[PDB]
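Contents: one structure, followed by commentary.
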Amino acid sequence: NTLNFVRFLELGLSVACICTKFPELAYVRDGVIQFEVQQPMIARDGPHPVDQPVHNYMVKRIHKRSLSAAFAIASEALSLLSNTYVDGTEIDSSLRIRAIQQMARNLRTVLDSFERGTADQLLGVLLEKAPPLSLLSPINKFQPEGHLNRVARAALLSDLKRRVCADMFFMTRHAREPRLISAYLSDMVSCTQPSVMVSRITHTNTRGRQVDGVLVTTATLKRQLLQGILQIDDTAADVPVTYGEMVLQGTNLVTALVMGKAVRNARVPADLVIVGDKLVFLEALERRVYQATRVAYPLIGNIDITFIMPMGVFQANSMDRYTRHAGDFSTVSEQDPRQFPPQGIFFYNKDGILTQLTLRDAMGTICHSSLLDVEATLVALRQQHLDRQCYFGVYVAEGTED
Amino acid sequence: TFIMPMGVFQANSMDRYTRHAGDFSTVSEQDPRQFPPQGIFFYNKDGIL
Amino acid sequence: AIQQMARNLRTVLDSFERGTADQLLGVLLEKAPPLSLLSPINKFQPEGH
Amino acid sequence: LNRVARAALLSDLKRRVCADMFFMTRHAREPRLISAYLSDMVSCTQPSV
Amino acid sequence: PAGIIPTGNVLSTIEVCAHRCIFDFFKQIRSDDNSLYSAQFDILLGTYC
Amino acid sequence: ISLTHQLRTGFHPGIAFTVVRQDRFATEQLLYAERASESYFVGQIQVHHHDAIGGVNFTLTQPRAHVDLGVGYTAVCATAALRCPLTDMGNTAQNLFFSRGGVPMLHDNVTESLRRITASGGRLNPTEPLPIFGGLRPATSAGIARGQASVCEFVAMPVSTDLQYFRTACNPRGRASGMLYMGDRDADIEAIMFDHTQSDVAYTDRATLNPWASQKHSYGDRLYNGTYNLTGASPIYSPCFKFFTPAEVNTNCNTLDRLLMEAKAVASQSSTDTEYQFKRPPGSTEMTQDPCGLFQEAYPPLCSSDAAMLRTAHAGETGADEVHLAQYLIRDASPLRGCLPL
Amino acid sequence: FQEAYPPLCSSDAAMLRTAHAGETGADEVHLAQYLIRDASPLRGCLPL
């Protein structure tokens, strides 16, 4: 079989990043981007202070990563390629040609690995960079400006708790109705801020409308979103094919050397959907990338959920021990064996099997010597403020032979 | 503004009626609901009793 | 300094056109009676007295 | 796969064997879902030379 | 080791290591060091307003 | 020893327990990104000459860097679908005999007998050679059937406990606490978590539901807090370590941005290749989303004190009666309401 | 799989069928008898 090579620019993931070449990247210490953002101001009267317009300055810095790929040749092939011990030139030429073909076939996939892994690194950094929608949306919708007081922040925190409890598996729960899915996809699209505008050539469709981003999914989610929910705009796109390189020369080179500082289409088969009022890509790269390799696909991440159940609670109040009807759970014995305090809990397994945690399982926790480790508690308690309390009930006296 | 009573006891013996016989039964020989009430239970902002 | 001066003064002059609408909204909120009272007053009271 | 993923896959295998056992004579009133699994059957075999 | 041309010649060569408490930074290398060949810099990638 | 006798025979001592159990789930995600979301730089590829078993290995290294040129947030992710749970929701008690360092009993035979009875009726135990200068790894078993077993940690608390606390999303410490409440100073996290002069932040009519796992040096705090390190020799993950440890927090940022920084994909605190949910192996990078770890809450599942009332006789849904005589049934309040079939 | 699926069985013929002219019974245990609901793949077949 002949391996199918994947180019990074033909993928729809290239619309989420702007690429540029930099030969002197190993000699940077801290690259710096700069922002100057100004804000408008409104005028009022009455018992309000007059306001002045504010200017904000924000500075971000680069983060350096790398890529690695290996390439091996065996000892026999290395001996054949070094032209050492040549003999029988009709029978060793075939072995040398076989070694050359093996080396070329190895080097092809080794060179392809970097273009295959650029998309993986982009997916990893975008997955790290993304806050959850269930926390981003009510925060971006509820507070108008910020610097909230205690009450508004507390109400926002309660609403955040309720929203992250409710909308957690929003695709697999309300999968029967497409309208909720297409309603919250528009929320997810129009809940994030855009980026800067300065560019030369951008990813457009066949007609010429500029696309706004990428929406990467699993293949199951792609077919579920495409079967009835989102509408196809186009099946072709126009992508850039050149990076755009830059170097340092002239006065910038001598500034970097002395001072130590420096200053600065093709037709592709890819689907495009329309969400809200924005035209986005919908890539589900699982066959082009991550197929027949030894790595796991991202977007299959895990979550951790902790469960709590009480075990031996007896309702102390006599009012709370009530039954909904007279003969609910009757027995044969003269004493109903449910008024006794409970000693176990019953819950369901992963597979739906009934399981029981009786009180015998607490022997691993309460029958230890850590139950009698009161010394550090006493040492910490003795360094507090103590008043001279009467000692009638904590004092033992001695006889007097009376 | 919300208004609730606490210790209101229905004085008429006619007005102290149950919809069914064995609605809220207990194990005690005296039902601890014929006593006059001493409190009121409502719901919080988040739904907590 | 001159560029900062102009950039400050432009938003300062924008502020009055931005705040005239705010003052109009405030006085219209103050001037408006509720619909829940104004709707049956205009119907169930034809003339007055 | 490691031991844990293999065990979870085996449990899913048992549940899936119990689920779609007599599949055409069971859900004969849902023509969409039969096509939805026929597509899954067809797009599951690796091709040949 | 900036690599710029010398501004002026220096006379009276002596054992400079004897007077180390003068100046503010003193570095002595036997023949050559790996720290002499290092052209690390900082780059500004643009400003957005 | 008397507690061992009473718990083995069938007696009910005058205590009650709250159990905590952490579970993992495989989720399919969904991420959206804007146009100029990343500024991507590509370096120059360099080749390492490296010897091998018989020949040479060539390692190709290329450095690259990324800049997030967004004034706000330019990428939004959200979990969409639920796959198979990777863990098992079993009943595996945590054994505290893996931990060494506390004061021992005077007589060695009492401690050895206590470990011998504790080992009976449990899965995970220290090995019978008892390796001195070793990890005290539990004895390996045969194949696992339905996934990785998740340990349950037991917290003592009084019997006369308001059961309506556990019917909603509660806190296993007994007193609500955490990073989320600030706005006046920096030394307020300790005053929320440990100062019992003032009332609880959430349930504002009391100090704490239990006084045995909430104070500065109480039983649960002396046993499960990560600062004192009593269970440090245990190779098993404690599912309520995150609820008891004072997290290091900088208050230079506000509450909401610090919450969004906490809300990203944190590193895992368990093991996915072992069979007993051990502690985090060093040098393994697995990023898992952590709900209810930044809120310091824990969701109650469908549990009941009797199997009779847990399932009704109608060939369908389960029962929903709250209390019958002295038993109880807590309805499901977890996010897994319409999943995990019964 | 080395498994065996339980069929619809009961320890008493009284609770095996209900008195509503339709579906069969669903009560699990009554006093000491039992009724095991069908977990086999033959749920919607084999008419009763």
Review point. Which whole-Hz ³J(HN,Hα) couplings does the stretch C:17-27 yield from phi under the Karplus relation 6.51 cos²θ - 1.76 cosθ + 1.60, θ = phi - 60°, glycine and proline marked x?
Key: 5, 6, x, 4, 5, 5, 5, 5, 5, x, 6
Review point. Over chain A, what number does the Rg to Rh ratio reach, with both radii from the alpha-carbon atoms and Rh per Kirkwood?
Key: 1.13
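Mind sorting G:5, A:348, D:37 by how few other Cβ atoms lie within 10 Å of their own Cβ, fewest first?
Numbers: G:5 10, A:348 21, D:37 13.
Listing G:5, A:348, D:37 from fewest to most nearby Cβ atoms yields G:5, D:37, A:348.
Run the dipole for the protein assembly as shown about the Cα centre, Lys and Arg Cβ at +1, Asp and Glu Cβ at -1, nothing else charged, and hand back the magnitude in debye, nearest 20.
On the way: 92 positive and 99 negative charges, 387 e Å.
It comes to approximately 1860 debye.
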Review point. Given labels modelled 7 Å from the Cα in the Cβ direction, how far is it in nm from residue A:202 to residue A:390?
Key: 8.4 nm
**Study point:** Rounded tilt (10° steps) of D:31-42 against the dominant C-alpha axis of chain D
**Key:** 50 degrees
**Study point:** In Å, descending, principal axis extents of the Cα set of the stretch F:1-86
**Key:** 73, 51, 25
Exercise for review: With θ set to phi - 60°, apply the Karplus curve 6.51 cos²θ - 1.76 cosθ + 1.60 along the stretch F:18-28 and write out the HN-Hα couplings as whole Hz, x wherever there is a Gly or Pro.
Suggested key: 10, 9, 10, 8, 9, 10, 10, 9, 8, 10, 7
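How large is the charge dipole for the stretch A:54-196, taken about the Cα centre, if only the Cβ atoms of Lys, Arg (+1) and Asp, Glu (-1) carry charge, to the nearest 20 debye?
Working: 19 positive and 13 negative charges, 204 e Å.
For the stretch A:54-196, the charge dipole is close to 980 debye.
Charges at C-beta only: +1 for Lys and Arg, -1 for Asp and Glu. How large is the resulting dipole of the stretch A:1-129 about its Cα centre, in Debye rounded to 20?
Magnitude of the dipole: close to 140 debye.
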Check your understanding: What are the radius of gyration and Dmax of the stretch F:104-158, computed over its Cα atoms and given in Å?
Key -> 14.4, 42
**Study point:** q = 0.23, 0.26, 0.29 Å⁻¹: log10 I(q)/I(0) that the Debye formula gives for chain C, counting C-alpha atoms only
**Key:** -0.85, -0.91, -0.98
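Hey, got the average number of other protein chain Cβ atoms within 10 angstrom for residues in A:129-142?
Numbers: counts 14, 14, 12, 10, 7, 4, 8, 7, 2, 0, 4, 3, 0, 0.
What the average comes to for A:129-142 is 6.
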Exercise for review: Describe numerically, in nm with one decimal, the distance between label points set 7 Å from Cα along Cα→Cβ at residue A:258 and at residue A:97.
Suggested key: 6.1 nm
Revision key, fill the gap. The set of residues whose placed amide H lies less than 5 Å from the amide H of residue F:23, leaving out same-chain residues fewer than 5 positions away, is A:305, A:306, A:307
**Study point:** Label point distance in nm, residue E:9-residue E:21, each placed 7 Å from Cα along Cα→Cβ
**Key:** 3.3 nm
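For each pair in A:161/F:264; A:161/F:216; A:64/A:129; A:222/A:278, compute the distance between the two Cα atoms and list the pairs where it is over 20 Å. Each step should come with its number before you reach the end.
Working: A:161/F:264 16 Å; A:161/F:216 27 Å; A:64/A:129 15 Å; A:222/A:278 18 Å.
From A:161/F:264; A:161/F:216; A:64/A:129; A:222/A:278, over 20 Å: A:161/F:216.
Direction-averaged shadow area of the convex hull around the Cα atoms of chain F, nm²?
Values: hull surface 107.2 nm².
Over every viewing direction, the Cα hull of chain F projects on average to 26.8 nm².
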Study note, to complete from the structure: For residue A:246, the residues 5 or more places away or on another chain with a placed amide H closer than 5 Å to its own amide H are A:21
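Tell me, Kirkwood radius of the protein assembly as shown from alpha-carbon pair distances, in Å?
Working: mean 1/r = 0.0283 Å⁻¹.
Kirkwood radius, the protein assembly as shown: 35.4 Å.
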Practice item. For residue F:236, enumerate residues with amide H under 5 Å from its amide H, sequence gap 5+ or separate chain, H modeled in the peptide plane. Key: F:279
Review point. Where both residues lie in the protein assembly as shown, what percent of DSSP beta bridges are antiparallel, nearest 5?
Key: 80 percent
Practice item. Report ³J(HN,Hα) in whole Hz for each residue of the stretch F:77-94, in order, from the Karplus equation J = 6.51 cos²θ - 1.76 cosθ + 1.60 where θ = phi - 60°; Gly and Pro get x. Key: 10, 7, 5, 10, 10, 10, 8, 5, x, 6, 9, 9, 8, x, 10, 10, 6, 7
**Study point:** Given charges at Cβ of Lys, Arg, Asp, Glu: chain G dipole, positive-most of G:15, G:46, G:33
**Key:** G:46
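Each reported figure results from applying straightforward, stated rules to the coordinates on display, with no laboratory input. All Cβ positions, even for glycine, are placed from backbone atoms using ideal geometry, and neighbour counts span all protein chains on display.
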